[PDB]
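A.B. asks: Got an experimental structure here, sequence first:
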Amino acid sequence: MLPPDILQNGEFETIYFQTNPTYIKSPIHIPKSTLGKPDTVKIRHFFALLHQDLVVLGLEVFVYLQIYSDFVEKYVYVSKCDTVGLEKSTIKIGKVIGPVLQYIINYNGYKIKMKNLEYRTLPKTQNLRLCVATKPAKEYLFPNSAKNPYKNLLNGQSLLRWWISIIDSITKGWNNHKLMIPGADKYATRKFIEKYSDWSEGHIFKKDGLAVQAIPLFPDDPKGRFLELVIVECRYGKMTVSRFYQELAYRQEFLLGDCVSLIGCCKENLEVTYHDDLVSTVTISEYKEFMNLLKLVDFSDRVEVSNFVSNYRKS
């Protein structure tokens with residue numbers, strides 16, 4: 001999951017666990033009368049890097065498996081990424097996030113129960129979709145870390161360049177790499193990817209038809225929040241994909257935001273081998289319990305951070 005030059009035989013330690021794979025309703029609306037409706041299985045991944053008894057950084061990723069008869073549409077959604085900054089940075093954050101994210105993308109050892117009505121065997125054909133929204137915020141996972149002396153806080157354009165760099169490095173050879181910056185003109189968007197030959201402006205989803213039938217509604221996502229509104233106001237039947245992205249640009253999050261951007265990459269028709277890889281797996285309740293404990297930690301306070309960490313080690 002990480003190279004030895006980073007871990008350094010115990011100087012650093014990791015927290016990594018997944019939820020047990022859980023069936024959910026599709027994050028992309030599928031009509032009841034649609035040929036070959038797929039089963040959706042969701043897995044939450046949490047990763048943190050530790051240095052002695054302090055947290056250094058964290059990454060939360062959700063994987064969605066849309067399981068059809070002969071293939072899987074696999075969505076990998078970056079939920080949260082953050083640093084603590086209590087100590088002087090000794091590793092470049094990207095050299096950890098990149099490899100961890102690649103690991104999660106390519107992980108294929110899920111223990112999926114049969115759907116009601118042993119374990120399920122997934123199709124070998126997988127189509128990958130990686131989805132990341134870049135939105136500058138002082139804290140995404142570690143409350144009160146913004147005032148920490150060594151937390152390097154990127155502005156929106158810098159954060160975007162950083163994510164493009166990270167994602168490009170772990171999607172080598174993928175079928176597309178899409179950048180959208182809602183509300184920006186094409187030249188402004190093109191500037192960020194002029195040095196990336198495989199990247200183009202736009203998005204990875206179905207271009208036509210109703211937005212709710214094309215765009216996944218992910219938790220705590222800028223598109224997701226707008227999709228939620230479209231659905232609540234029962235406009236799911238009228239709002240097209242093009243109009244959705246047009247109007248998304250005028251949302252307060254975007255129009256008052258700092259270079260808030262949407263990245264998507266695809267890889268089609270990857271044959272994959274199932275491989276069991278023994279990692280810690282927890283119930284969703286255990287996962288939520290951990291995340292709730294996290295949100296009550298003052299990450300400007302070494303005492304509380306050390307306490308949180310040692311308490312996790314106890315389990």
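C.D. replies: Yes, it's here. Numbering: from 1, shown residues only.
A.B. asks: helix/strand/coil for the residue positioned nearest the centre of the chain?
C.D. replies: The centre of the chain sits closest to residue 78, judged by Cα atoms, centre = their mean, with a distance of 0.9 Å. With DSSP: H, G, I helix; E, B strand; the rest coil as the basis, residue 78 sits in strand.
A.B. asks: Hmm, it is touching residue 135, no?
C.D. replies: No: Residue 78 lies out of contact with residue 135 (Cβ atoms under 8 Å); the separation is 11.2 Å. (C-beta placed from N, C-alpha, C; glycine too.)
A.B. asks: ok, the residue nearest to the centre of the chain - contacts?
C.D. replies: Contacts for residue 78 were tallied using Cβ atoms under 8 Å, 6 or more residues apart in numbering; they are 59, 60, 61, 101, 130, 131, 132, 133.
A.B. asks: Quick one: the helices in the stretch 101-250 of the chain, in order.
C.D. replies: 156-170, 186-193, 222-232, 241-248 (DSSP state H, counting those that start in this stretch).
A.B. asks: what angle separates the last one from helix 222-232?
C.D. replies: Between the axes of helix 241-248 and helix 222-232, defined by axes from the mean of the first three to the mean of the last three Cα atoms, to 10 degrees, the angle is 110 degrees.
A.B. asks: same check, this time on the second one
C.D. replies: Following the same axes, to 10 degrees, one obtains 130 degrees for the angle between helix 186-193 and helix 222-232.
A.B. asks: Burial check on residue 290, number of neighbours?
C.D. replies: 16 (other Cβ atoms under 10 Å).
A.B. asks: How about the secondary structure of it?
C.D. replies: Residue 290 ends up helix, using three-state DSSP.
A.B. asks: how far away is the residue lying farthest from the centre of the chain from residue 22?
C.D. replies: Within the chain, the residue lying farthest from the chain centre (Cα atoms, centre = their mean) is residue 117, at 31.6 Å. Counting by Cβ to Cβ, to the nearest Å, the gap from residue 117 to residue 22 is 17 Å.
A.B. asks: can you check residue 132 too?
C.D. replies: Residue 132 sits 22 Å away from residue 22, going by Cβ to Cβ.
A.B. asks: And these two? Which one has more around it.
C.D. replies: Legend: neighbour count by other Cβ under 10 Å for residue 132 and residue 22, higher for residue 132 (21 against 14).
A.B. asks: show me what contacts that one?
C.D. replies: 77, 78, 163, 167, 262, 263, 264.
A.B. asks: likewise residue 86?
C.D. replies: Residues near residue 86 by Cβ under 8 Å, 6+ apart: 54, 145, 148, 149, 150, 299, 300, 302, 305.
A.B. asks: Relative to residue 301, how far out is it?
C.D. replies: Noted for residue 86: a distance of 9 Å to residue 301, by Cβ to Cβ.
A.B. asks: Residue 140 now?
C.D. replies: Taken as Cβ to Cβ, the span from residue 140 to residue 301 is 18 Å.
A.B. asks: With neighbour numbers in mind, choose between these two.
C.D. replies: Remark: of residue 140 and residue 301, residue 140 carries more neighbours, 17 against 14, as counted by other Cβ under 10 Å.
A.B. asks: gap between the more buried one and residue 294?
C.D. replies: For residue 140, the distance to residue 294 - Cβ to Cβ - is 11 Å.
A.B. asks: quick one: contacts for residue 5?
C.D. replies: Residues counted as contacts of residue 5 (Cβ under 8 Å, 6+ apart): none.
A.B. asks: Quick check: it vs residue 96, distance?
C.D. replies: Taken as Cβ to Cβ, the span from residue 5 to residue 96 is 11 Å.
A.B. asks: And for residue 237?
C.D. replies: Separation of residue 237 from residue 96 (Cβ to Cβ): 44 Å.
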